[PDB]
Amino acid sequence: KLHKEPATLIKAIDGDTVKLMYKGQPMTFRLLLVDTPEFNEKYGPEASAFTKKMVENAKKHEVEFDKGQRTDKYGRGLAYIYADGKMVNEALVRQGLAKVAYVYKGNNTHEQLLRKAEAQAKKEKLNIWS
Ligand SMILES: Cc1cn([C@H]2C[C@H](OP(=O)(O)O)[C@@H](COP(=O)(O)O)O2)c(=O)[nH]c1=O
Ligand SMILES: [Ca+2]
């Protein structure tokens with residue numbers, strides 16, 4: 001089992017990065033197991049606005065690291081981010097605003113939960129899958 005840890009929102013950045021204060025330190029977090037389009041690309045504006053609204057409307061923010069590396073090579077935190085108990089990573093996939101991606105062994109605990117979400121977004125022809 002993974003565990004959720006406290007954070008506070010500093011600011012939204014784009015579809016799959018968000019700035020949070022974690023153990024009292026400002027950090028950029030990159031969402032595990034997803035890829036949103038860059039802001040300049042199609043559905044990038046929509047993905048950014050999704051993640052923005054989801055984190056800005058929540059009152060409680062949490063970080064859940066997986067079993068492997070907790071930071072990437074750019075110094076970004078690698079985690080599942082929750083907003084009022086709802087996983088942002090999974091929400092993005094479910095709405096077709098991210099692809100499951102960057103699935104590395106040992107940091108892949110929620111791989112199947114997200115693939116299930118992606119199949120449903122694809123069935124619904126949502127956004128990326130339209
Ligand atoms: C999501 C994720 C990205 N990354 C690295 C791989 C990619 O390397 P490159 O920068 O060399 O492409 C980059 C993609 O993140 P972005 O999609 O934010 O660019 O972040 C990891 O190392 N681990 C991860 O879990
Ligand atoms: Ca991206």
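Just follow the structure's listing: the first ligand is 1, and inside any ligand the first atom is 1. Only this structure's heavy atoms are used, side chains among them; waters, hydrogens and symmetry mates stay out. For reference, positions follow the sequence shown, starting with 1.
- In terms of distance to the Ca ion (ligand 2), the nearest N, O or S atom of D16 is named OD2.
- Between the side chains of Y43 and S130, at least one donor-acceptor pair of N or O atoms lies under 3.5 Å.
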**Item:** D14/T17 under side-chain hydrogen bond (donor to acceptor under 3.5 Å, both in side chains): CA gap, chis, key distance, verdict
**Value:** CA-CA 5 Å; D14 80 343; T17 61; 2.5 Å; yes
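- In terms of polar-atom proximity, defined here as any N/O pair under 3.5 Å, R76 does make such a contact with ligand 1.
- When only non-hydrogen protein atoms are considered, atom 16 (P) of ligand 1 lies nearest to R30 NE, 3.5 Å.
- Of the protein's non-hydrogen atoms, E38 OE2, 4.3 Å is the one closest to atom 19 (O) of ligand 1.
- By the definition of a contact as any protein heavy atom under 4.0 Å away, atom 12 (O) of ligand 1 is not in contact.
- Residue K73 places at least one N or O, backbone or side chain, under 3.5 Å from an N or O of ligand 1.
- The main-chain N or O of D16 is found under 3.5 Å from a side-chain atom of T36 such that the two form a donor-acceptor pair.
- More than 12 heavy atoms of other residues, nucleotides or ligands sit less than 6.0 Å from atom NZ of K19.
- Set against the non-hydrogen atoms of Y74, the atoms of ligand 1 under 4.0 Å away are 9 (P), 10 (O), 11 (O).
- Closest approach between the Ca ion (ligand 2) and any N/O/S atom of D35 involves OD1.
- No side-chain N or O of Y102 forms a donor-acceptor pair with one of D35 less than 3.5 Å apart.
- Within a 6.0 Å sphere centred on NZ of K53, other residues, nucleotides and ligands contribute 12 heavy atoms or fewer.
- Remark: the backbone N or O of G68 is paired with a side-chain donor or acceptor of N107 at under 3.5 angstrom.
- Nearest N, O or S atom of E38 to the Ca ion (ligand 2): atom OE2.
- Here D35 has side-chain heavy atoms under 4.0 Å from ligand 1, and that is the only part of it that gets that close.
- Of all protein heavy atoms, the one lying nearest to atom 7 (C) of ligand 1 is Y102 CE2, 4.0 Å.
- Among the atoms of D14, no N, O or S atom is found under 3.0 Å from the Ca ion (ligand 2).
- Ligand 1 has no nitrogen or oxygen under 3.5 angstrom from a nitrogen or oxygen of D72.
- Using modelled atom types, one finds no donor on one side chain facing an acceptor on the other under 3.5 Å when comparing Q112 with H110.
- With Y82 as the aromatic partner, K4 meets the cation-pi criteria of under 6.0 angstrom to the ring centre and within 45 degrees of the ring axis.
- Closest protein heavy atom to atom 6 (C) of ligand 1: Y104 OH, 3.6 Å.
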